[PDB]
Amino acid sequence: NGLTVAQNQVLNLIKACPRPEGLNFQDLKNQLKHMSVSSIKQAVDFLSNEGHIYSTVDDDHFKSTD
C-alpha cells in the first residue's frame with residue numbers, strides 16, 4: 001500500500017480496533033513494545049497527515065478512516 005513496515009504496524013493496530021473510542025498513544029506503546037515513543041509518534045503524524053487515521057471526538061484517541 002506504499003506504507004513502510006513501521007507505518008503499517010501502527011495503521012494495522014488502529015484498523016484492528018473496533019472499539020468506539022479508538023486507541024490512544026499508550027495503547028500503541030503497549031502493543032508495539034519494540035517501537036520507541038518517537039517512532040510511534042512519527043508514524044502517527046504521517047498517517048494523520050496523509051488521512052489514513054484521525055483523532056476522535058476525544059482529543060487523544062485514533063481511528064482508521066473508512
# chains A, B, ... in the order shown; residues from 1 in each chain; ligands from 1

call {"tool": "residues_around", "arguments": {"residues": "range 35-38 of chain A", "least_positions_apart": "6", "cutoff": "10 Å", "atoms": "only C-alpha atoms", "output": "ChimeraX atom specification"}}
result
/A:6,9-10,25-26,28-29,44

call {"tool": "write_last_selection", "arguments": {"atoms": "C-alpha atoms", "output": "CSV table (one decimal), in the first residue's frame"}}
result
chain,number,residue,atom,x,y,z
A,6,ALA,CA,6.5,0.9,10.8
A,9,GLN,CA,2.3,-1.7,12.0
A,10,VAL,CA,0.7,1.3,13.6
A,25,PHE,CA,-0.9,6.6,22.4
A,26,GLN,CA,-0.5,4.5,25.5
A,28,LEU,CA,0.1,1.9,20.8
A,29,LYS,CA,3.1,1.9,23.1
A,44,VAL,CA,1.0,8.5,13.8

call {"tool": "residues_around", "arguments": {"residues": "residue 58 in chain A", "least_positions_apart": "5", "cutoff": "12 Å", "atoms": "only C-alpha atoms", "output": "list in words"}}
result
residues 20, 21, 22, 23, 24 and 63 of chain A

call {"tool": "write_last_selection", "arguments": {"atoms": "C-alpha atoms", "output": "PDB file, in the first residue's frame"}}
result
ATOM      1  CA  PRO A  20     -15.778   3.306  19.522  1.00  0.00           C
ATOM      2  CA  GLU A  21     -13.162   5.333  21.412  1.00  0.00           C
ATOM      3  CA  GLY A  22     -10.265   4.012  19.318  1.00  0.00           C
ATOM      4  CA  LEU A  23      -6.668   3.614  20.509  1.00  0.00           C
ATOM      5  CA  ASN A  24      -4.645   6.205  22.423  1.00  0.00           C
ATOM      6  CA  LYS A  63      -9.378   5.591  14.474  1.00  0.00           C
TER       7      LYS A  63
END

call {"tool": "select_by_dssp", "arguments": {"residues": "chain A", "states": "helix (DSSP H, G or I)", "output": "PDB file with N, CA and C atoms, in the first residue's frame"}}
result
ATOM      1  N   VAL A   5       6.988  -0.500   6.847  1.00  0.00           N
ATOM      2  CA  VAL A   5       6.635  -1.518   7.828  1.00  0.00           C
ATOM      3  C   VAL A   5       6.154  -0.865   9.121  1.00  0.00           C
ATOM      4  N   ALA A   6       6.870   0.160   9.571  1.00  0.00           N
ATOM      5  CA  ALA A   6       6.521   0.877  10.794  1.00  0.00           C
ATOM      6  C   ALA A   6       5.145   1.527  10.691  1.00  0.00           C
ATOM      7  N   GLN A   7       4.911   2.215   9.580  1.00  0.00           N
ATOM      8  CA  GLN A   7       3.635   2.878   9.356  1.00  0.00           C
ATOM      9  C   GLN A   7       2.502   1.859   9.308  1.00  0.00           C
ATOM     10  N   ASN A   8       2.743   0.734   8.644  1.00  0.00           N
ATOM     11  CA  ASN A   8       1.734  -0.312   8.550  1.00  0.00           C
ATOM     12  C   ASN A   8       1.460  -0.981   9.892  1.00  0.00           C
ATOM     13  N   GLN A   9       2.491  -1.123  10.719  1.00  0.00           N
ATOM     14  CA  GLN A   9       2.320  -1.719  12.040  1.00  0.00           C
ATOM     15  C   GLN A   9       1.343  -0.895  12.863  1.00  0.00           C
ATOM     16  N   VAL A  10       1.516   0.421  12.818  1.00  0.00           N
ATOM     17  CA  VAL A  10       0.659   1.334  13.560  1.00  0.00           C
ATOM     18  C   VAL A  10      -0.743   1.368  12.957  1.00  0.00           C
ATOM     19  N   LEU A  11      -0.822   1.474  11.635  1.00  0.00           N
ATOM     20  CA  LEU A  11      -2.113   1.548  10.964  1.00  0.00           C
ATOM     21  C   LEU A  11      -2.919   0.269  11.168  1.00  0.00           C
ATOM     22  N   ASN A  12      -2.255  -0.881  11.079  1.00  0.00           N
ATOM     23  CA  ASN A  12      -2.933  -2.163  11.260  1.00  0.00           C
ATOM     24  C   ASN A  12      -3.556  -2.296  12.643  1.00  0.00           C
ATOM     25  N   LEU A  13      -2.852  -1.822  13.666  1.00  0.00           N
ATOM     26  CA  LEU A  13      -3.377  -1.886  15.028  1.00  0.00           C
ATOM     27  C   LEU A  13      -4.606  -1.001  15.181  1.00  0.00           C
ATOM     28  N   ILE A  14      -4.534   0.207  14.634  1.00  0.00           N
ATOM     29  CA  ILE A  14      -5.646   1.144  14.706  1.00  0.00           C
ATOM     30  C   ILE A  14      -6.844   0.598  13.929  1.00  0.00           C
ATOM     31  N   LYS A  15      -6.577   0.013  12.766  1.00  0.00           N
ATOM     32  CA  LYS A  15      -7.618  -0.619  11.961  1.00  0.00           C
ATOM     33  C   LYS A  15      -8.247  -1.803  12.689  1.00  0.00           C
ATOM     34  N   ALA A  16      -7.421  -2.549  13.414  1.00  0.00           N
ATOM     35  CA  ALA A  16      -7.857  -3.786  14.052  1.00  0.00           C
ATOM     36  C   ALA A  16      -8.680  -3.540  15.310  1.00  0.00           C
ATOM     37  N   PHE A  25      -2.305   6.837  22.547  1.00  0.00           N
ATOM     38  CA  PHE A  25      -0.873   6.650  22.366  1.00  0.00           C
ATOM     39  C   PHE A  25      -0.317   5.591  23.317  1.00  0.00           C
ATOM     40  N   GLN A  26      -0.900   5.488  24.507  1.00  0.00           N
ATOM     41  CA  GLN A  26      -0.462   4.496  25.477  1.00  0.00           C
ATOM     42  C   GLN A  26      -0.796   3.092  24.981  1.00  0.00           C
ATOM     43  N   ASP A  27      -1.944   2.950  24.325  1.00  0.00           N
ATOM     44  CA  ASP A  27      -2.335   1.667  23.756  1.00  0.00           C
ATOM     45  C   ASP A  27      -1.327   1.250  22.696  1.00  0.00           C
ATOM     46  N   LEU A  28      -0.919   2.209  21.871  1.00  0.00           N
ATOM     47  CA  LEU A  28       0.052   1.940  20.819  1.00  0.00           C
ATOM     48  C   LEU A  28       1.383   1.487  21.412  1.00  0.00           C
ATOM     49  N   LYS A  29       1.847   2.200  22.434  1.00  0.00           N
ATOM     50  CA  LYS A  29       3.086   1.851  23.120  1.00  0.00           C
ATOM     51  C   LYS A  29       3.011   0.450  23.709  1.00  0.00           C
ATOM     52  N   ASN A  30       1.869   0.129  24.307  1.00  0.00           N
ATOM     53  CA  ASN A  30       1.684  -1.158  24.967  1.00  0.00           C
ATOM     54  C   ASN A  30       1.707  -2.332  23.994  1.00  0.00           C
ATOM     55  N   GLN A  31       1.229  -2.100  22.775  1.00  0.00           N
ATOM     56  CA  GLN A  31       1.098  -3.166  21.784  1.00  0.00           C
ATOM     57  C   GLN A  31       2.269  -3.217  20.802  1.00  0.00           C
ATOM     58  N   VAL A  37       8.840   5.678  21.496  1.00  0.00           N
ATOM     59  CA  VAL A  37       7.806   6.704  21.544  1.00  0.00           C
ATOM     60  C   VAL A  37       7.930   7.631  20.334  1.00  0.00           C
ATOM     61  N   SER A  38       9.160   7.995  19.986  1.00  0.00           N
ATOM     62  CA  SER A  38       9.401   8.884  18.854  1.00  0.00           C
ATOM     63  C   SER A  38       8.965   8.243  17.539  1.00  0.00           C
ATOM     64  N   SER A  39       9.289   6.965  17.367  1.00  0.00           N
ATOM     65  CA  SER A  39       8.946   6.251  16.143  1.00  0.00           C
ATOM     66  C   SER A  39       7.434   6.104  15.995  1.00  0.00           C
ATOM     67  N   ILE A  40       6.751   5.841  17.102  1.00  0.00           N
ATOM     68  CA  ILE A  40       5.301   5.719  17.079  1.00  0.00           C
ATOM     69  C   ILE A  40       4.693   7.069  16.713  1.00  0.00           C
ATOM     70  N   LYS A  41       5.203   8.130  17.332  1.00  0.00           N
ATOM     71  CA  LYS A  41       4.717   9.478  17.069  1.00  0.00           C
ATOM     72  C   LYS A  41       4.935   9.861  15.605  1.00  0.00           C
ATOM     73  N   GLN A  42       6.090   9.488  15.062  1.00  0.00           N
ATOM     74  CA  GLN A  42       6.418   9.763  13.667  1.00  0.00           C
ATOM     75  C   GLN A  42       5.426   9.080  12.733  1.00  0.00           C
ATOM     76  N   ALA A  43       5.123   7.821  13.023  1.00  0.00           N
ATOM     77  CA  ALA A  43       4.189   7.058  12.209  1.00  0.00           C
ATOM     78  C   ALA A  43       2.777   7.639  12.312  1.00  0.00           C
ATOM     79  N   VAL A  44       2.357   7.963  13.532  1.00  0.00           N
ATOM     80  CA  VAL A  44       1.029   8.529  13.766  1.00  0.00           C
ATOM     81  C   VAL A  44       0.855   9.857  13.033  1.00  0.00           C
ATOM     82  N   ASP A  45       1.853  10.729  13.142  1.00  0.00           N
ATOM     83  CA  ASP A  45       1.814  12.032  12.488  1.00  0.00           C
ATOM     84  C   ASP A  45       1.684  11.878  10.977  1.00  0.00           C
ATOM     85  N   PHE A  46       2.433  10.933  10.418  1.00  0.00           N
ATOM     86  CA  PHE A  46       2.380  10.672   8.988  1.00  0.00           C
ATOM     87  C   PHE A  46       1.002  10.165   8.582  1.00  0.00           C
ATOM     88  N   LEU A  47       0.503   9.164   9.299  1.00  0.00           N
ATOM     89  CA  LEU A  47      -0.791   8.576   8.974  1.00  0.00           C
ATOM     90  C   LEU A  47      -1.912   9.603   9.110  1.00  0.00           C
ATOM     91  N   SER A  48      -1.792  10.477  10.102  1.00  0.00           N
ATOM     92  CA  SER A  48      -2.785  11.521  10.326  1.00  0.00           C
ATOM     93  C   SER A  48      -2.792  12.540   9.191  1.00  0.00           C
ATOM     94  N   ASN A  49      -1.607  13.016   8.821  1.00  0.00           N
ATOM     95  CA  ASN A  49      -1.485  13.998   7.752  1.00  0.00           C
ATOM     96  C   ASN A  49      -1.942  13.437   6.412  1.00  0.00           C
ATOM     97  N   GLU A  50      -1.595  12.183   6.145  1.00  0.00           N
ATOM     98  CA  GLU A  50      -1.991  11.531   4.902  1.00  0.00           C
ATOM     99  C   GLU A  50      -3.497  11.296   4.858  1.00  0.00           C
TER     100      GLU A  50
END

call {"tool": "atom_distance", "arguments": {"atom1": "CA of residue 56 in chain A", "atom2": "CA of residue 1 in chain A"}}
result
23.8 Å

call {"tool": "closest_residue", "arguments": {"among": "A:52, A:57, A:33, A:65", "to": "residue 3 in chain A", "atoms": "only C-alpha atoms"}}
result
A:52

call {"tool": "decode", "arguments": {"residues": "range 9-55 of chain A", "atoms": "N, CA and C atoms", "output": "mmCIF file, in the first residue's frame"}}
result
data_model
loop_
_atom_site.group_PDB
_atom_site.id
_atom_site.type_symbol
_atom_site.label_atom_id
_atom_site.label_comp_id
_atom_site.auth_asym_id
_atom_site.auth_seq_id
_atom_site.Cartn_x
_atom_site.Cartn_y
_atom_site.Cartn_z
ATOM 1 N N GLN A 9 2.491 -1.123 10.719
ATOM 2 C CA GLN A 9 2.320 -1.719 12.040
ATOM 3 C C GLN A 9 1.343 -0.895 12.863
ATOM 4 N N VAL A 10 1.516 0.421 12.818
ATOM 5 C CA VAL A 10 0.659 1.334 13.560
ATOM 6 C C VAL A 10 -0.743 1.368 12.957
ATOM 7 N N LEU A 11 -0.822 1.474 11.635
ATOM 8 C CA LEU A 11 -2.113 1.548 10.964
ATOM 9 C C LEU A 11 -2.919 0.269 11.168
ATOM 10 N N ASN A 12 -2.255 -0.881 11.079
ATOM 11 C CA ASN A 12 -2.933 -2.163 11.260
ATOM 12 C C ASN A 12 -3.556 -2.296 12.643
ATOM 13 N N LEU A 13 -2.852 -1.822 13.666
ATOM 14 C CA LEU A 13 -3.377 -1.886 15.028
ATOM 15 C C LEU A 13 -4.606 -1.001 15.181
ATOM 16 N N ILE A 14 -4.534 0.207 14.634
ATOM 17 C CA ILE A 14 -5.646 1.144 14.706
ATOM 18 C C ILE A 14 -6.844 0.598 13.929
ATOM 19 N N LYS A 15 -6.577 0.013 12.766
ATOM 20 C CA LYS A 15 -7.618 -0.619 11.961
ATOM 21 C C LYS A 15 -8.247 -1.803 12.689
ATOM 22 N N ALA A 16 -7.421 -2.549 13.414
ATOM 23 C CA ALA A 16 -7.857 -3.786 14.052
ATOM 24 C C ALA A 16 -8.680 -3.540 15.310
ATOM 25 N N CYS A 17 -8.750 -2.285 15.743
ATOM 26 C CA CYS A 17 -9.522 -1.912 16.904
ATOM 27 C C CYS A 17 -10.909 -1.367 16.546
ATOM 28 N N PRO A 18 -11.973 -2.134 16.855
ATOM 29 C CA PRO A 18 -13.317 -1.661 16.504
ATOM 30 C C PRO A 18 -14.009 -0.891 17.622
ATOM 31 N N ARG A 19 -13.331 -0.719 18.749
ATOM 32 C CA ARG A 19 -13.931 -0.010 19.869
ATOM 33 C C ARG A 19 -14.235 1.438 19.489
ATOM 34 N N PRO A 20 -15.357 1.980 19.986
ATOM 35 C CA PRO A 20 -15.778 3.306 19.522
ATOM 36 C C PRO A 20 -14.816 4.428 19.895
ATOM 37 N N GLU A 21 -14.064 4.272 20.980
ATOM 38 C CA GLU A 21 -13.162 5.333 21.412
ATOM 39 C C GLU A 21 -11.816 5.284 20.690
ATOM 40 N N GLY A 22 -11.520 4.166 20.035
ATOM 41 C CA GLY A 22 -10.265 4.012 19.318
ATOM 42 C C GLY A 22 -9.101 3.711 20.247
ATOM 43 N N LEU A 23 -7.882 3.857 19.733
ATOM 44 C CA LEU A 23 -6.668 3.614 20.509
ATOM 45 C C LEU A 23 -5.950 4.919 20.819
ATOM 46 N N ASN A 24 -5.461 5.051 22.050
ATOM 47 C CA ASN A 24 -4.645 6.205 22.423
ATOM 48 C C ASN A 24 -3.164 5.863 22.281
ATOM 49 N N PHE A 25 -2.305 6.837 22.547
ATOM 50 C CA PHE A 25 -0.873 6.650 22.366
ATOM 51 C C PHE A 25 -0.317 5.591 23.317
ATOM 52 N N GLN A 26 -0.900 5.488 24.507
ATOM 53 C CA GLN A 26 -0.462 4.496 25.477
ATOM 54 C C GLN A 26 -0.796 3.092 24.981
ATOM 55 N N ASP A 27 -1.944 2.950 24.325
ATOM 56 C CA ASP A 27 -2.335 1.667 23.756
ATOM 57 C C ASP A 27 -1.327 1.250 22.696
ATOM 58 N N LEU A 28 -0.919 2.209 21.871
ATOM 59 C CA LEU A 28 0.052 1.940 20.819
ATOM 60 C C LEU A 28 1.383 1.487 21.412
ATOM 61 N N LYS A 29 1.847 2.200 22.434
ATOM 62 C CA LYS A 29 3.086 1.851 23.120
ATOM 63 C C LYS A 29 3.011 0.450 23.709
ATOM 64 N N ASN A 30 1.869 0.129 24.307
ATOM 65 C CA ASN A 30 1.684 -1.158 24.967
ATOM 66 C C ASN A 30 1.707 -2.332 23.994
ATOM 67 N N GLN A 31 1.229 -2.100 22.775
ATOM 68 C CA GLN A 31 1.098 -3.166 21.784
ATOM 69 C C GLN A 31 2.269 -3.217 20.802
ATOM 70 N N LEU A 32 2.981 -2.100 20.667
ATOM 71 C CA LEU A 32 4.172 -2.024 19.825
ATOM 72 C C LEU A 32 5.384 -1.816 20.720
ATOM 73 N N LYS A 33 5.691 -2.837 21.513
ATOM 74 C CA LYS A 33 6.689 -2.728 22.570
ATOM 75 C C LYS A 33 8.123 -2.552 22.081
ATOM 76 N N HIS A 34 8.367 -2.819 20.800
ATOM 77 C CA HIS A 34 9.709 -2.705 20.231
ATOM 78 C C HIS A 34 9.906 -1.387 19.487
ATOM 79 N N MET A 35 8.873 -0.550 19.488
ATOM 80 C CA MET A 35 8.914 0.731 18.805
ATOM 81 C C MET A 35 9.004 1.863 19.819
ATOM 82 N N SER A 36 9.945 2.774 19.599
ATOM 83 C CA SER A 36 10.146 3.894 20.508
ATOM 84 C C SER A 36 8.981 4.873 20.448
ATOM 85 N N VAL A 37 8.840 5.678 21.496
ATOM 86 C CA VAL A 37 7.806 6.704 21.544
ATOM 87 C C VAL A 37 7.930 7.631 20.334
ATOM 88 N N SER A 38 9.160 7.995 19.986
ATOM 89 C CA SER A 38 9.401 8.884 18.854
ATOM 90 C C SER A 38 8.965 8.243 17.539
ATOM 91 N N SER A 39 9.289 6.965 17.367
ATOM 92 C CA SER A 39 8.946 6.251 16.143
ATOM 93 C C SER A 39 7.434 6.104 15.995
ATOM 94 N N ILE A 40 6.751 5.841 17.102
ATOM 95 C CA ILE A 40 5.301 5.719 17.079
ATOM 96 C C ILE A 40 4.693 7.069 16.713
ATOM 97 N N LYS A 41 5.203 8.130 17.332
ATOM 98 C CA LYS A 41 4.717 9.478 17.069
ATOM 99 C C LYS A 41 4.935 9.861 15.605
ATOM 100 N N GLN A 42 6.090 9.488 15.062
ATOM 101 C CA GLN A 42 6.418 9.763 13.667
ATOM 102 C C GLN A 42 5.426 9.080 12.733
ATOM 103 N N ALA A 43 5.123 7.821 13.023
ATOM 104 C CA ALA A 43 4.189 7.058 12.209
ATOM 105 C C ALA A 43 2.777 7.639 12.312
ATOM 106 N N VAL A 44 2.357 7.963 13.532
ATOM 107 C CA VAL A 44 1.029 8.529 13.766
ATOM 108 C C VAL A 44 0.855 9.857 13.033
ATOM 109 N N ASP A 45 1.853 10.729 13.142
ATOM 110 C CA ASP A 45 1.814 12.032 12.488
ATOM 111 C C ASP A 45 1.684 11.878 10.977
ATOM 112 N N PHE A 46 2.433 10.933 10.418
ATOM 113 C CA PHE A 46 2.380 10.672 8.988
ATOM 114 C C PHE A 46 1.002 10.165 8.582
ATOM 115 N N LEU A 47 0.503 9.164 9.299
ATOM 116 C CA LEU A 47 -0.791 8.576 8.974
ATOM 117 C C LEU A 47 -1.912 9.603 9.110
ATOM 118 N N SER A 48 -1.792 10.477 10.102
ATOM 119 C CA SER A 48 -2.785 11.521 10.326
ATOM 120 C C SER A 48 -2.792 12.540 9.191
ATOM 121 N N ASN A 49 -1.607 13.016 8.821
ATOM 122 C CA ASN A 49 -1.485 13.998 7.752
ATOM 123 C C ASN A 49 -1.942 13.437 6.412
ATOM 124 N N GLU A 50 -1.595 12.183 6.145
ATOM 125 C CA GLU A 50 -1.991 11.531 4.902
ATOM 126 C C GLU A 50 -3.497 11.296 4.858
ATOM 127 N N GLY A 51 -4.089 11.064 6.028
ATOM 128 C CA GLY A 51 -5.523 10.861 6.155
ATOM 129 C C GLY A 51 -5.933 9.419 6.394
ATOM 130 N N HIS A 52 -4.961 8.558 6.680
ATOM 131 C CA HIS A 52 -5.235 7.152 6.956
ATOM 132 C C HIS A 52 -5.922 6.962 8.302
ATOM 133 N N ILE A 53 -5.651 7.871 9.234
ATOM 134 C CA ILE A 53 -6.263 7.835 10.560
ATOM 135 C C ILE A 53 -6.670 9.246 10.953
ATOM 136 N N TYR A 54 -7.471 9.353 12.007
ATOM 137 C CA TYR A 54 -7.875 10.651 12.531
ATOM 138 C C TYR A 54 -8.024 10.581 14.038
ATOM 139 N N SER A 55 -8.003 11.745 14.681
ATOM 140 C CA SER A 55 -8.228 11.837 16.118
ATOM 141 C C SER A 55 -9.726 11.916 16.404
#
